[PDB]
Amino acid sequence: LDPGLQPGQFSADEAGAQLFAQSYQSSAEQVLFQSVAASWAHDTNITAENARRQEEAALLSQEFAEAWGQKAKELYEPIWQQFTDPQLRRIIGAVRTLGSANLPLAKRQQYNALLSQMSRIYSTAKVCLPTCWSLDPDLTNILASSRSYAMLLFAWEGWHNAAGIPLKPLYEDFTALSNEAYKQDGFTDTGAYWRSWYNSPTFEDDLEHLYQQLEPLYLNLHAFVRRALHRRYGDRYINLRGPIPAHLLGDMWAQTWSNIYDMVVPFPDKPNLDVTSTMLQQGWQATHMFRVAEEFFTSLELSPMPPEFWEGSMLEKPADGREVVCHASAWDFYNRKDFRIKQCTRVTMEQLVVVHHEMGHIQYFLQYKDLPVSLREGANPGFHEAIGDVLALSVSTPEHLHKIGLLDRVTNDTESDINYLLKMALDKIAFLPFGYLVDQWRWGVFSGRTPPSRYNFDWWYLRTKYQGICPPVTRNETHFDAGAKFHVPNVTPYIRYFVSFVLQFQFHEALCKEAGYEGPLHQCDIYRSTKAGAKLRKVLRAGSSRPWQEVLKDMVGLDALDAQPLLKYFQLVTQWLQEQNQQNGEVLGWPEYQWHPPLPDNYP
Ligand SMILES: *[C@@H]1O[C@H](CO)[C@@H](O[C@@H]2O[C@H](CO)[C@@H](O[C@@H]3O[C@H](CO)[C@@H](O)[C@H](O)[C@@H]3O)[C@H](O)[C@H]2NC(C)=O)[C@H](O)[C@H]1NC(C)=O
Ligand SMILES: *[C@@H]1O[C@H](CO[C@@H]2O[C@@H](C)[C@@H](O)[C@@H](O)[C@@H]2O)[C@@H](O[C@@H]2O[C@H](CO)[C@@H](O)[C@H](O)[C@H]2NC(C)=O)[C@H](O)[C@H]1NC(C)=O
Ligand SMILES: O=C(N[C@H]1CCS[C@H]2CCC[C@@H](C(=O)O)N2C1=O)[C@@H](S)Cc1ccccc1
Ligand SMILES: *[C@@H]1O[C@H](CO)[C@@H](O)[C@H](O)[C@H]1NC(C)=O
Ligand SMILES: [Cl-]
Ligand SMILES: [Zn+2]
């Protein structure tokens, strides 16, 4: 470590800690920048040499974290929790947690290389036929549009085998090293560290309570869709009292069901809410999608994207053969000037929502870029994942779609309200059990309750318990199906997305009220409301300088997560689905919990 980057001497009191924190920030932007730059070079150009430079930059950041983290612990560990300045507590509390910098050098290198190899394996896996298919776009498009049971099965099985099986031995080694590192920071395991970000002694209980309020909405949506799959695929493949086969819901992970809307739409006389075809007819490209998302932000008097964003971002999958990480992500280079999105954008309405999701992250970065780096975060990680989703709730309304030229006909009748709210539910309600269960699985792995000998046994227990799905071919412990989901090999926590999907309806209700809107919640559009813009900007400029409970209270009037706004948004289709399911005499749930589908006749 460069002498200029090493901490000096500071007194062991609160006044000394103020100067320590200032001195830390003055060096940290440089170190953070070089690490983001090296990760950007790798994820937009996966090569062995670019992995090697990324691991070298990671090692420098670990040296920096060790020098400052040890000094902070030595000077302030007994006392920082009593400091009068709550921003100072936030900063010092972060610096004394070293994470992987607790590992000796040889294990640091092992750790950095494991992350490199897990990322390469996930983002370069292919499914070849008996010329090979990538996940994005090839397999994504098959899962979304094919209605041949056997083609869907071939893609689903092929993807889970290709990505999961080789990941398993690396993921075991990663888990052990991660736990060894954070145990030296005082956390019982890595999962406990991740849960600490929510600053709540009752977190797990509070989540269970939320899900108990939401589960009935999921069970009715589930049974209604299951009936529809029955008519299409028949009794041989669909058990009206068992789990749904995991490959038939339009998405590789069965996490969002919007791609089978055409199969379930209650009233097809009304205007087709699937506006993708119109986007194609009109010539929309990826850059147009981003410009339309930007103009919603500026209509609220939030910031445009700076020139550095347009010149630096990767908004399409490269045509030149490069291997890249296609999973959509947003990037803060910690220099107050460079901010980018990396997305293999495809021209669809669902992707237009993802564009808003990622641009919400960049807007957060723009609004807090002048805080100290330790505070350039969301109030919690759920806040970050929700910002763009909130605006896209307004964009999705048929009224807004009309205003931007993607929906021609105009109707305001109960049947049209039902089509809209069902299409939204296929995305927002279907996701809830998946957003909840993923980190239940990972917390059990980190705690040792789930050893390698039960990785897949326990994955499928939770997938069946919560989503009511089952694998369409037989699995055993050679498979590692959790590993075939981006966030597991790329070590990105997941409970933030369950929090986000509840939070975004709390945000929407508040901003619609501030906008002066007085109609049904699900018809609100906050476009061009400078008052709603100013209330959102307060949240974004706070970063993590204040407890998320306080920030939320200012915004919506309540200091806790609450499912009632979500329930109120969906109320009308909740009632409709209950009545459809009673009328058809459905069983709510999957009491034949053992059931799996047979194979197709001469498969492959
Ligand atoms: C589509 O039609 C529905 C009615 O079928 C419209 O909903 C109604 O919209 C009005 C407009 O403000 C709402 O009026 C408000 O009522 C509350 C009731 O407490 C009151 O506090 C306000 O001062 C205001 O008068 C009304 O509540 C709402 N719901 C009804 C009539 O059942 C809707 O606006 C129409 N949407 C579009 C896009 O045209
Ligand atoms: C674990 O499963 C694999 C894959 O096949 C699964 O199990 C079969 C019995 C069948 O039900 C498939 O639909 C499942 O997906 C097993 O590996 C295969 O074993 C069969 C023998 O039955 C053999 O014909 C194949 O060549 C094998 N495939 C590969 C890639 O090796 C495996 O034996 C099962 N057990 C263990 C411990 O891994
Ligand atoms: O969050 C992200 N990308 C989105 C894009 C698709 S939509 C969205 C809502 C649904 C749940 C979740 C899903 O797709 O599984 N999700 C995403 O992953 C990125 S910013 C996560 C990330 C952060 C840092 C480095 C790398 C990645
Ligand atoms: C990809 O990275 C290599 C280094 O391994 C570099 O030589 C090459 O120019 C890069 N390609 C692009 C398109 O940036
Ligand atoms: Cl999280
Ligand atoms: Zn995100």
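Numbering of chain A is taken from Swiss-Prot, so the residues present carry the numbers 30-159, 164-637, in order.
If you're wondering, the header gives X-ray crystallography, 1.8 Å.
Any Cβ shown, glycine's included, is placed from N, Cα and C.
Per Swiss-Prot, the residue from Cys157, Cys359 that shares a disulphide bond with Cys165 is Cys157. When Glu356, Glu410, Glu418 are compared with the Zn(2+) 1 site residues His390, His394 in Swiss-Prot, the one appearing in that site is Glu418. Note on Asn445, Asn523: Swiss-Prot annotates N-linked glycosylation site at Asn445; no matching annotation appears for the rest, which is not proof of its absence. Once the 4 residues left out of the deposited model between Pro159 and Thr164 are set aside, the two flanking Cα atoms are found 10 Å apart.
Within 8 Å of the Cβ centroid of the Zn(2+) 1 site, not counting the listed residues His390, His394, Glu418, the chain contributes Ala363, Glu391, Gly393, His417, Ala419, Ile420, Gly421, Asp422, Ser533.
Put simply, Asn523 is the one of the recorded positions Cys165, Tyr231, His394, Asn523, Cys557 whose Cα lies nearest to the Cα of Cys359 (disulfide bond). Around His520 (active site, proton donor 1), the C-beta neighbours below 8 angstroms that are at least 6 residues distant in the chain are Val471, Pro526, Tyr527. If you draw a 10 Å sphere around the CB of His390 (Zn(2+) 1 binding site), it holds 23 other CB atoms from the protein chains shown. Among the recorded positions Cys157, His390, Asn523, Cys545, no residue is identified whose Cβ is positioned under 6 Å from ligand 4. A straight line from the CA of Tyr231 (chloride 1 binding site) to the CA of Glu418 (Zn(2+) 1 binding site) spans 14 Å.
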